[PDB]
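What follows is a set of notes on a single structure, which appears directly below.
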Amino acid sequence: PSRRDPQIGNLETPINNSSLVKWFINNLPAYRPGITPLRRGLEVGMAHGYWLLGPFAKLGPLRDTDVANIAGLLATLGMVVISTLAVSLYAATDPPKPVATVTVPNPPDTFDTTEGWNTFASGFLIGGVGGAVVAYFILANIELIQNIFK
Amino acid sequence: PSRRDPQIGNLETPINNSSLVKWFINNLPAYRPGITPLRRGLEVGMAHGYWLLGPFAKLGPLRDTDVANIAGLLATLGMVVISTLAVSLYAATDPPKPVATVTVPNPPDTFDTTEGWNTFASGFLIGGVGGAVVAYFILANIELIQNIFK
Amino acid sequence: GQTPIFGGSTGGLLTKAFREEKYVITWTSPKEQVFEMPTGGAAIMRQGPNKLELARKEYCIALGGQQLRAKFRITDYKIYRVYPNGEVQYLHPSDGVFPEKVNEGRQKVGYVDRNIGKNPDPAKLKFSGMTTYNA
Amino acid sequence: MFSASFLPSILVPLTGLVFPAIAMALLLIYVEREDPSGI
Amino acid sequence: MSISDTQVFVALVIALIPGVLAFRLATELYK
Amino acid sequence: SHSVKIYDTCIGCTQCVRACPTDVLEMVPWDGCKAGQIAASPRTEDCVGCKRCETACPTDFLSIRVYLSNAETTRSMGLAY
Ligand SMILES: CC1=C(/C=C/C(C)=C/C=C/C(C)=C/C=C/C=C(C)/C=C/C=C(C)/C=C/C2=C(C)CCCC2(C)C)C(C)(C)CCC1
Ligand SMILES: CC1=C(/C=C/C(C)=C/C=C/C(C)=C/C=C/C=C(C)/C=C/C=C(C)/C=C/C2=C(C)CCCC2(C)C)C(C)(C)CCC1
Ligand SMILES: CC1=C(/C=C/C(C)=C/C=C/C(C)=C/C=C/C=C(C)/C=C/C=C(C)/C=C/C2=C(C)CCCC2(C)C)C(C)(C)CCC1
Ligand SMILES: CC1=C(/C=C/C(C)=C/C=C/C(C)=C/C=C/C=C(C)/C=C/C=C(C)/C=C/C2=C(C)CCCC2(C)C)C(C)(C)CCC1
Ligand code: SF4
Ligand code: SF4
């Protein structure tokens, strides 16, 4: 029982049409309705900039030096900057076939437009910086649990 | 060969109609299309608040004291605030001849309207604060290059 | 409206074949037997109408040439190109059973009936962009 | 070092990194231009 | 012996004569 | 797409028209030899470059040729995607 025709190159395997997964994928900030592209950018930046600093925080060539925290902070700062650069220029050259390939039962949203992409990139920048600083604060006091010692 | 008539008070000197300059002036955030007035305000604030803190940072009457960084920060904060105040009241009294003098071959954008001006001022405020803090961070660790020592 | 009995695959229609073009084929098969499809699959047809949707101008003509008339002798199949707007083209069949040589007078656009011994030349044909035909 | 100034310390990165960056960015947006104008 | 700000000088002779001269000799051929 | 080239040596066995899977040939009425109908290319735009056709041409120095051009597209390149 395919989506619309059993001869199309798609299959109804219980991993791409399971109710659990479709609910879990629909409400993501990339698709959940009732929001603005601004908030989408904010949240995606928050998340990614909140996790994309560890992978080199204690892993960088300055791994065990007494500064590496702010080092990883600066690194992920530049990282999110250049990522915003990339997405912005993609928007700049964006509009051949101004769509996104749709497989979710509904269209995602009107988020699919140039200036929408630009605003999204701005919100991405803001949220990414924010996630960066907040992760740096969580990690700042190595004693964050030592004061609790629990 | 004037723009439309050789008797008009305009001249085709190769400084106001050079292809380089027209490309460089068209794509500025004041004119480049495909964006919202919001982003315009954001970017202009970013730029100006990012440079308009040095001119008194080490130049103020507290020039060589051990605090002058945050001093210049507060100064440029108040500065951008009162600038936003000025532009907002200008918008408040704005609409005699609700246009801007046009010399770029095309009209700039629909940015020319009261509420547009207000939103622009808000984005200006946000971006200006942002540029301020980010410049203060670049300048915070005097050792920003000393750690690199390159 | 008849389509053969198949269990689904993974190589059917794509992001182009509904933004640029569609292909369809149909005939009359008064029997039901197992057959093979070029995207892979061994299935059964049904009596009379046999409608099938596809994306390439090669799977269809392969079915029409080798399967239908060379094995099942069926020869009443339309093959239809479809535009993005949903409108259709009727290229072939244009000669009934695609014999490709029989008619009482035929079309006439363009002719070159000349040997090769006198060929176009680089230094003689120059400062323009015509091809190897105009003498 | 010698009698020159800091310059050989930091003038490689912008030529090494940022000038290639703008080069390729401008180039890419150039290779997608509309018709019939292009800069 | 070696040199001084005079090297900032020899840098200054460039970026007007050779710089935009080569710029024009490039942009002549209609990008 | 690519260009097709016809000659006079078409005996008229018509093995090429039954070989091309791309519908780019037809035997238009001729008079010269016993053929009376010589092959030609009316529908070049669907040329593929397989050139299975002249391999089906038995004539000495096979009567058809294909000049493989440079103005390719999604049709001449043959993509399902
Ligand atoms: C979604 C998203 C994203 C993404 C983004 C995008 C998608 C972008 C991308 C983009 C990109 C990533 C791009 C890139 C590009 C590349 C390039 C642009 C290349 C380069 C080139 C070159 C280098 C050139 C060459 C040349 C030429 C062409 C001519 C002659 C000269 C030379 C040879 C030089 C992110 C991650 C942010 C995040 C999440 C979300
Ligand atoms: C388990 C699991 C998983 C994972 C997940 C995770 C683990 C997640 C995470 C979680 C979390 C938990 C995270 C997140 C968080 C975040 C945060 C928390 C952030 C925050 C930030 C912010 C909000 C910021 C803000 C700001 C800004 C933006 C600007 C200014 C400043 C401020 C600060 C205000 C998966 C998927 C695989 C699935 C399976 C299971
Ligand atoms: C665009 C822009 C801008 C600008 C803005 C504006 C345009 C503004 C304007 C504003 C203004 C320009 C204002 C002015 C005002 C003034 C005043 C208002 C004065 C005062 C007066 C008086 C003092 C009075 C007198 C009197 C009377 C009349 C009566 C009796 C009593 C007395 C004697 C008191 C900015 C830079 C921000 C930024 C960038 C962009
Ligand atoms: C004002 C001033 C200053 C500044 C200056 C500067 C920073 C300079 C710059 C410099 C520069 C800015 C330089 C450049 C150089 C140039 C050159 C070296 C070029 C050449 C080019 C060429 C040779 C090219 C070629 C070509 C090609 C490659 C392709 C095709 C086209 C052509 C052929 C054209 C200072 C503070 C010191 C002092 C005080 C005052
Ligand atoms: S080209 Fe070959 S197949 Fe075609 S008519 Fe001539 S001899 Fe027959
Ligand atoms: S490659 Fe040969 S057989 Fe195929 S369409 Fe072209 S001429 Fe006909």
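Ordered as shown in the structure tokens, chains take letters A, B, and onward, while each chain numbers its residues from 1 and ligands are numbered from 1 in the order shown.
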
Contacts of residue 3 (chain F) within 9 Å, only C-alpha atoms, excl. fewer than 3 positions in-chain, as a PyMOL selection string: chain F and resi 44-45+47+65-69

Create the file for the chosen residues now, containing C-alpha atoms and written as a PDB file, in the first residue's frame.
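Output contents, as saved in result05.pdb:
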ATOM      1  CA  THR F  44      16.652  13.991 -34.492  1.00  0.00           C
ATOM      2  CA  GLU F  45      15.704  15.661 -31.177  1.00  0.00           C
ATOM      3  CA  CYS F  47      18.900  11.007 -30.658  1.00  0.00           C
ATOM      4  CA  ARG F  65      26.283   8.186 -40.094  1.00  0.00           C
ATOM      5  CA  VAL F  66      25.749  10.239 -36.955  1.00  0.00           C
ATOM      6  CA  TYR F  67      27.712  13.433 -36.314  1.00  0.00           C
ATOM      7  CA  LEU F  68      27.796  13.518 -32.533  1.00  0.00           C
ATOM      8  CA  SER F  69      27.114  17.121 -31.605  1.00  0.00           C
TER       9      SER F  69
END

Test item: residues at most 10 Å from residue 114 (chain A), only C-alpha atoms, excluding those fewer than 4 positions along its chain, as a PyMOL selection string: (chain A and resi 88+90-95+98+118-120) or (chain B and resi 34-35)

Taking only C-alpha atoms and all ligand atoms and a cut-off of 9 Å, can you tell me which residues surround ligand 5, written as an MDAnalysis selection string? chainID F and resid 6:19 25:27 35 37:40 53:59 62:65

Generate a file of the selected residues that holds C-alpha atoms, formatted as a compact mmCIF listing (two decimals), in the first residue's frame.
# COMPACT_ATOMS: atom_id res chain seq x y z
CA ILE F 6 22.22 10.16 -44.76
CA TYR F 7 23.75 8.90 -48.00
CA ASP F 8 22.81 7.14 -51.23
CA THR F 9 24.05 3.61 -50.40
CA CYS F 10 20.79 2.77 -48.59
CA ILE F 11 19.88 -0.56 -50.17
CA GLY F 12 16.59 -0.49 -48.27
CA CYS F 13 16.84 -3.60 -46.10
CA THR F 14 15.57 -1.36 -43.27
CA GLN F 15 17.46 -3.09 -40.48
CA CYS F 16 18.38 0.28 -38.98
CA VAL F 17 14.78 1.45 -38.59
CA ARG F 18 14.08 -1.75 -36.64
CA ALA F 19 17.21 -1.23 -34.52
CA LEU F 25 14.08 7.29 -38.78
CA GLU F 26 11.58 6.80 -41.60
CA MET F 27 11.77 5.56 -45.20
CA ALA F 35 14.67 0.71 -52.81
CA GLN F 37 12.05 4.40 -50.15
CA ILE F 38 15.26 5.58 -48.48
CA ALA F 39 15.84 6.04 -44.76
CA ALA F 40 16.07 9.50 -43.22
CA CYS F 53 21.61 1.74 -36.19
CA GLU F 54 24.64 1.69 -38.48
CA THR F 55 25.72 -1.57 -36.86
CA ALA F 56 22.48 -2.81 -38.45
CA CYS F 57 23.41 -1.22 -41.80
CA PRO F 58 24.85 -3.99 -44.01
CA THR F 59 25.89 -1.72 -46.89
CA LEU F 62 27.28 1.75 -44.05
CA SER F 63 24.85 4.24 -45.53
CA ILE F 64 23.98 6.18 -42.34
CA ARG F 65 26.28 8.19 -40.09

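Distance annotation: of B:11, B:75, B:80, B:21, the residue with the minimal separation from ligand 3 is B:80; atom set is only C-alpha atoms and all ligand atoms.
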
Residues of chain C within 10 Å of chain A, using only C-alpha atoms, as a list in words? residues 3, 4, 5, 6, 7, 8, 9, 10, 11, 12, 13, 14, 15, 19, 39, 52, 53 and 54 of chain C

Would you list the contacts of residue 8 (chain D) as a count of residues only, taking every protein, DNA or RNA residue within 10 Å and counting only C-alpha atoms, but skipping same-chain residues closer than 4 positions in sequence? 3

Can you pull out every residue from chain F that DSSP, working from the backbone, puts in strand (DSSP E), and format the result as a PyMOL selection string? chain F and resi 3-5+26-29+37-40+65-67

Selection to disk with N, CA and C atoms, as a tab-separated table (two decimals), in the first residue's frame:
chain	number	residue	atom	x	y	z
F	3	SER	N	23.50	15.40	-34.63
F	3	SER	CA	23.12	15.50	-36.03
F	3	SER	C	23.19	14.14	-36.69
F	4	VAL	N	22.33	13.93	-37.68
F	4	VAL	CA	22.27	12.67	-38.41
F	4	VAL	C	22.67	12.95	-39.85
F	5	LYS	N	23.22	11.94	-40.53
F	5	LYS	CA	23.76	12.11	-41.87
F	5	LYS	C	23.35	10.91	-42.72
F	26	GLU	N	12.72	7.15	-40.77
F	26	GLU	CA	11.58	6.80	-41.60
F	26	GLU	C	12.03	6.70	-43.05
F	27	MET	N	11.40	5.81	-43.80
F	27	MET	CA	11.77	5.56	-45.20
F	27	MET	C	10.90	6.41	-46.11
F	28	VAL	N	11.42	7.55	-46.52
F	28	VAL	CA	10.71	8.50	-47.37
F	28	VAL	C	10.83	8.05	-48.82
F	29	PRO	N	9.83	8.31	-49.68
F	29	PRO	CA	9.84	7.72	-51.03
F	29	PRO	C	11.04	8.17	-51.86
F	37	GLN	N	12.30	3.73	-51.41
F	37	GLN	CA	12.05	4.40	-50.15
F	37	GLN	C	13.33	4.33	-49.34
F	38	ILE	N	13.95	5.49	-49.11
F	38	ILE	CA	15.26	5.58	-48.48
F	38	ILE	C	15.09	6.12	-47.07
F	39	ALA	N	15.93	5.63	-46.16
F	39	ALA	CA	15.84	6.04	-44.76
F	39	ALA	C	16.26	7.50	-44.59
F	40	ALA	N	15.72	8.13	-43.56
F	40	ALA	CA	16.07	9.50	-43.22
F	40	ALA	C	15.70	9.74	-41.76
F	65	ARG	N	25.28	7.76	-41.06
F	65	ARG	CA	26.28	8.19	-40.09
F	65	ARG	C	25.62	9.13	-39.11
F	66	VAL	N	26.27	9.34	-37.97
F	66	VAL	CA	25.75	10.24	-36.96
F	66	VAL	C	26.88	11.15	-36.52
F	67	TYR	N	26.73	12.45	-36.74
F	67	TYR	CA	27.71	13.43	-36.31
F	67	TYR	C	27.34	13.87	-34.90

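When the distance limit is 12 Å and only C-alpha atoms are what count, the residues near residue 77 (chain A), minus those fewer than 6 positions from it on the same chain, are residues 45, 48, 49, 50, 52, 53, 70, 71, 83, 84, 125, 126, 127, 128, 129, 130, 131, 132, 133 and 136 of chain A; 134, 137 and 138 of chain B.
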
Selected residues written out with C-alpha atoms, as a PDB file, in the first residue's frame:
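Saved the output as again_14.pdb:
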ATOM      1  CA  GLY A  45      20.986  27.949  16.344  1.00  0.00           C
ATOM      2  CA  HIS A  48      23.517  23.334  17.297  1.00  0.00           C
ATOM      3  CA  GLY A  49      25.640  26.022  18.917  1.00  0.00           C
ATOM      4  CA  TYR A  50      24.858  24.336  22.222  1.00  0.00           C
ATOM      5  CA  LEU A  52      28.772  22.010  18.463  1.00  0.00           C
ATOM      6  CA  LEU A  53      31.456  23.160  20.853  1.00  0.00           C
ATOM      7  CA  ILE A  70      37.305  29.876  25.525  1.00  0.00           C
ATOM      8  CA  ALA A  71      39.388  28.396  22.694  1.00  0.00           C
ATOM      9  CA  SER A  83      27.790  28.454   8.323  1.00  0.00           C
ATOM     10  CA  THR A  84      25.539  31.514   8.254  1.00  0.00           C
ATOM     11  CA  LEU A 125      23.203  33.304  13.845  1.00  0.00           C
ATOM     12  CA  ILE A 126      21.588  34.683  16.997  1.00  0.00           C
ATOM     13  CA  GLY A 127      20.545  31.312  18.398  1.00  0.00           C
ATOM     14  CA  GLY A 128      23.906  29.770  17.592  1.00  0.00           C
ATOM     15  CA  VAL A 129      25.785  32.461  19.463  1.00  0.00           C
ATOM     16  CA  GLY A 130      23.361  32.011  22.350  1.00  0.00           C
ATOM     17  CA  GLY A 131      23.753  28.254  22.572  1.00  0.00           C
ATOM     18  CA  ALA A 132      27.505  28.771  22.434  1.00  0.00           C
ATOM     19  CA  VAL A 133      27.653  31.125  25.412  1.00  0.00           C
ATOM     20  CA  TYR A 136      30.313  27.774  27.833  1.00  0.00           C
TER      21      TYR A 136
ATOM     22  CA  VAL B 134      30.761  41.823  19.912  1.00  0.00           C
ATOM     23  CA  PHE B 137      34.393  41.010  23.208  1.00  0.00           C
ATOM     24  CA  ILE B 138      36.985  41.283  20.433  1.00  0.00           C
TER      25      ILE B 138
END

Mind listing the helix (DSSP H, G or I) residues of region 30-95 of chain B, per DSSP on the backbone, as a PyMOL selection string? chain B and resi 37-51+54-57+68-92

Print the selection's residues with N, CA and C atoms to a file, as a short mmCIF file (atom, residue, chain, number, x, y, z; two decimals), in the first residue's frame.
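The new file result.cif reads:
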data_model
loop_
_atom_site.label_atom_id
_atom_site.label_comp_id
_atom_site.auth_asym_id
_atom_site.auth_seq_id
_atom_site.Cartn_x
_atom_site.Cartn_y
_atom_site.Cartn_z
N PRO B 37 12.84 45.09 5.76
CA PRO B 37 13.37 46.23 6.53
C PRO B 37 13.99 45.81 7.85
N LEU B 38 13.48 44.74 8.46
CA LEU B 38 14.04 44.23 9.70
C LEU B 38 15.53 43.95 9.55
N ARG B 39 15.89 43.12 8.56
CA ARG B 39 17.29 42.78 8.35
C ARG B 39 18.12 44.02 8.06
N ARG B 40 17.56 44.98 7.33
CA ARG B 40 18.27 46.22 7.06
C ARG B 40 18.68 46.89 8.36
N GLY B 41 17.71 47.08 9.26
CA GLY B 41 18.03 47.66 10.55
C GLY B 41 19.06 46.85 11.31
N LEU B 42 18.88 45.52 11.32
CA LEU B 42 19.83 44.66 12.01
C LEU B 42 21.25 44.90 11.52
N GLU B 43 21.44 44.88 10.20
CA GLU B 43 22.78 44.96 9.64
C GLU B 43 23.40 46.34 9.86
N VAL B 44 22.62 47.40 9.65
CA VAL B 44 23.16 48.74 9.84
C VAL B 44 23.57 48.93 11.30
N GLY B 45 22.73 48.46 12.22
CA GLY B 45 23.10 48.52 13.62
C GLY B 45 24.36 47.74 13.90
N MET B 46 24.44 46.51 13.40
CA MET B 46 25.64 45.70 13.56
C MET B 46 26.88 46.48 13.16
N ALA B 47 26.90 46.96 11.92
CA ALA B 47 28.07 47.67 11.42
C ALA B 47 28.42 48.87 12.30
N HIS B 48 27.46 49.79 12.47
CA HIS B 48 27.78 51.05 13.12
C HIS B 48 28.15 50.84 14.59
N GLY B 49 27.32 50.11 15.33
CA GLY B 49 27.68 49.78 16.69
C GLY B 49 28.94 48.96 16.81
N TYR B 50 29.41 48.37 15.71
CA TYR B 50 30.66 47.62 15.78
C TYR B 50 31.86 48.54 15.60
N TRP B 51 31.71 49.64 14.86
CA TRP B 51 32.83 50.57 14.75
C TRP B 51 32.67 51.80 15.64
N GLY B 54 35.26 52.46 19.27
CA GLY B 54 36.63 52.90 19.31
C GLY B 54 36.83 54.41 19.36
N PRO B 55 36.12 55.18 18.53
CA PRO B 55 36.41 56.63 18.47
C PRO B 55 36.44 57.33 19.81
N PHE B 56 35.91 56.71 20.87
CA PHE B 56 36.06 57.23 22.21
C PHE B 56 36.52 56.17 23.19
N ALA B 57 36.74 54.94 22.73
CA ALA B 57 37.15 53.86 23.63
C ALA B 57 38.46 54.20 24.32
N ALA B 68 38.44 51.67 30.85
CA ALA B 68 37.85 52.43 29.74
C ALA B 68 37.11 51.58 28.72
N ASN B 69 37.32 50.26 28.71
CA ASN B 69 36.61 49.41 27.76
C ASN B 69 35.10 49.48 27.98
N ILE B 70 34.65 49.09 29.17
CA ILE B 70 33.22 49.15 29.47
C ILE B 70 32.72 50.59 29.48
N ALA B 71 33.59 51.56 29.75
CA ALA B 71 33.19 52.96 29.67
C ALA B 71 32.77 53.32 28.25
N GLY B 72 33.65 53.05 27.28
CA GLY B 72 33.27 53.24 25.89
C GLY B 72 32.05 52.43 25.50
N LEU B 73 31.90 51.24 26.07
CA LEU B 73 30.72 50.43 25.79
C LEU B 73 29.45 51.16 26.21
N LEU B 74 29.41 51.64 27.45
CA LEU B 74 28.24 52.38 27.93
C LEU B 74 28.00 53.62 27.08
N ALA B 75 29.07 54.31 26.71
CA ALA B 75 28.94 55.51 25.90
C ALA B 75 28.25 55.20 24.58
N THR B 76 28.76 54.22 23.84
CA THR B 76 28.14 53.90 22.56
C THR B 76 26.75 53.32 22.74
N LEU B 77 26.48 52.69 23.88
CA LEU B 77 25.12 52.25 24.17
C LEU B 77 24.16 53.43 24.19
N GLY B 78 24.45 54.41 25.04
CA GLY B 78 23.63 55.61 25.06
C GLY B 78 23.54 56.28 23.71
N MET B 79 24.65 56.26 22.96
CA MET B 79 24.69 56.88 21.64
C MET B 79 23.67 56.24 20.71
N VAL B 80 23.72 54.91 20.59
CA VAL B 80 22.79 54.24 19.68
C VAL B 80 21.36 54.41 20.16
N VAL B 81 21.16 54.43 21.48
CA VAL B 81 19.82 54.67 22.01
C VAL B 81 19.27 56.00 21.50
N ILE B 82 20.03 57.08 21.71
CA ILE B 82 19.51 58.39 21.33
C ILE B 82 19.38 58.50 19.81
N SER B 83 20.22 57.79 19.06
CA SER B 83 20.06 57.78 17.61
C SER B 83 18.73 57.13 17.22
N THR B 84 18.40 56.01 17.85
CA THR B 84 17.11 55.38 17.61
C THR B 84 15.97 56.32 17.98
N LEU B 85 16.10 57.02 19.11
CA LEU B 85 15.12 58.02 19.48
C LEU B 85 14.91 59.03 18.36
N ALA B 86 16.01 59.56 17.84
CA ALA B 86 15.93 60.57 16.79
C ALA B 86 15.20 60.04 15.57
N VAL B 87 15.61 58.88 15.07
CA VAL B 87 14.99 58.36 13.85
C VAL B 87 13.52 58.03 14.10
N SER B 88 13.19 57.56 15.30
CA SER B 88 11.81 57.24 15.60
C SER B 88 10.93 58.48 15.58
N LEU B 89 11.40 59.57 16.19
CA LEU B 89 10.59 60.78 16.16
C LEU B 89 10.51 61.36 14.75
N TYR B 90 11.60 61.24 13.98
CA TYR B 90 11.54 61.63 12.58
C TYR B 90 10.43 60.88 11.86
N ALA B 91 10.34 59.57 12.08
CA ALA B 91 9.22 58.81 11.53
C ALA B 91 7.89 59.33 12.05
N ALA B 92 7.85 59.71 13.33
CA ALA B 92 6.62 60.21 13.92
C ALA B 92 6.11 61.44 13.19
#

Pull the closest atom pair for each residue of chain F that gets at most 6 Å from ligand 6, along with the distance in Å to one decimal, counting only C-alpha atoms and all ligand atoms, ordering rows by chain and then ascending residue number, as a Markdown table.
| residue | atom | partner | partner_atom_place_in_ligand_line | distance |
| --- | --- | --- | --- | --- |
| F:20 | CA | ligand 6 | 3 (S) | 3.7 |
| F:22 | CA | ligand 6 | 5 (S) | 4.8 |
| F:24 | CA | ligand 6 | 8 (Fe) | 5.6 |
| F:47 | CA | ligand 6 | 5 (S) | 3.6 |
| F:48 | CA | ligand 6 | 1 (S) | 4.5 |
| F:49 | CA | ligand 6 | 1 (S) | 3.4 |
| F:50 | CA | ligand 6 | 1 (S) | 3.7 |
| F:51 | CA | ligand 6 | 2 (Fe) | 3.1 |
| F:52 | CA | ligand 6 | 3 (S) | 4.8 |
| F:53 | CA | ligand 6 | 3 (S) | 4.4 |
| F:66 | CA | ligand 6 | 7 (S) | 5.9 |

Could I get the residue neighbourhood of ligand 4 at 8 Å, counting only C-alpha atoms and all ligand atoms, as a ChimeraX atom specification? /E:8-9,11-12,14-15,18-20,22-27

Output C-alpha atoms for every residue in that selection, as a compact mmCIF listing (two decimals), in the first residue's frame.
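For reference, again.txt as written:
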# COMPACT_ATOMS: atom_id res chain seq x y z
CA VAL E 8 55.98 51.03 3.05
CA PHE E 9 56.92 53.53 0.34
CA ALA E 11 54.40 49.34 -1.35
CA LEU E 12 52.73 52.73 -1.90
CA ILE E 14 51.87 49.95 -6.18
CA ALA E 15 48.03 49.84 -5.98
CA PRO E 18 50.23 48.80 -11.51
CA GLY E 19 47.08 47.98 -9.58
CA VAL E 20 44.34 49.74 -11.49
CA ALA E 22 46.20 45.89 -14.59
CA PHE E 23 42.59 46.18 -13.44
CA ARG E 24 41.69 48.04 -16.62
CA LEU E 25 43.78 45.76 -18.83
CA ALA E 26 41.73 42.94 -17.32
CA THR E 27 38.23 44.40 -17.48

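The closest residue to ligand 1, picked from D:39, D:30, D:1, D:25 and counting only C-alpha atoms and all ligand atoms, is D:25.
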
Report as a count of residues only the set of chain C residues whose atoms approach chain F to within 10 Å, with distances computed over only C-alpha atoms. 41

Identify, on the basis of only C-alpha atoms, every residue whose closest approach to residue 109 (chain A) does not exceed 9 Å; exclude the query and any residue fewer than 5 positions from it along the same chain; express the result as a list in words. residues 30, 31, 32 and 33 of chain A

Kindly save the residues from that selection, with N, CA and C atoms included, as a CSV table (one decimal), in the first residue's frame.
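The resulting file, result12.csv, is shown below:
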chain,number,residue,atom,x,y,z
A,30,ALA,N,11.7,22.5,12.2
A,30,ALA,CA,11.7,22.6,10.7
A,30,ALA,C,10.3,22.5,10.1
A,31,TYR,N,9.3,21.9,10.8
A,31,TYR,CA,8.0,21.7,10.3
A,31,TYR,C,6.8,22.1,11.2
A,32,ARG,N,7.0,22.2,12.5
A,32,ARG,CA,5.8,22.4,13.3
A,32,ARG,C,5.2,23.8,13.0
A,33,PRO,N,3.9,23.9,12.8
A,33,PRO,CA,3.3,25.1,12.3
A,33,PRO,C,3.0,26.0,13.5

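As for CA of residue 95 (chain C) and CA of residue 61 (chain F), they are spaced 29.7 Å apart.
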
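When CA of residue 112 (chain A) is paired with atom 2 (C, counted along the ligand's line) of ligand 1, their separation reads 13.1 Å.
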
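Between CA of residue 10 (chain D) and CA of residue 146 (chain B) the interatomic distance comes to 12.9 Å.
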